[PDB]
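Peer 1: sequence unknown, structure follows:
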């Protein structure tokens, strides 16, 4: 389930079936940050992976 809010810092185009597409300024929720570089997130009707470097954890 969703935890911390996340801010998208730059547009990102999904590069695999496991990723999602987001736009700069989008607000997401965090699902899995076990890996420092790749985070699972939830955004509206979709869940998937994004590069952690593109995201600011809002805590």
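Peer 2: Yep, that arrived. Numbering: from 1, shown residues only.
Peer 1: which stretches of the protein form strands?
Peer 2: In the chain, the strands defined using DSSP state E lie at 5-8, 27-32, 38-43, 46-51, 55-58.
Peer 1: Next, the angle from the fourth one to strand 27-32.
Peer 2: Right, the one you point to is strand 46-51. Calculated by axes from the mean of the first three to the mean of the last three C-alpha atoms, to 10 degrees, strand 46-51 forms an angle of 80 degrees with strand 27-32.
Peer 1: Give me the helices and strands touching strand 46-51, please.
Peer 2: Counting contacts by 3 or more C-beta pairs under 8 Å, 6 or more residues apart in numbering; DSSP states H and E, strand 46-51 packs against strand 38-43. For the C-beta atoms, the positions are set from N, CA and C on the backbone; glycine is no exception.
Peer 1: hmm, back to that, would you tell me which of the strands of the chain gets closest to residue 19?
Peer 2: Nearest to residue 19 among the strands of the chain is strand 46-51; the distance by C-beta to C-beta comes to 5.0 Å.
Peer 1: mind checking how far the closest one is from the chain centre?
Peer 2: Strand 46-51 sits 5 Å away from the centroid of its parent chain (C-alpha atoms, centre = their mean, to the nearest Å).
Peer 1: what does stretch 46-56 give?
Peer 2: Stretch 46-56 sits 2 Å away from the centroid of its parent chain (C-alpha atoms, centre = their mean).
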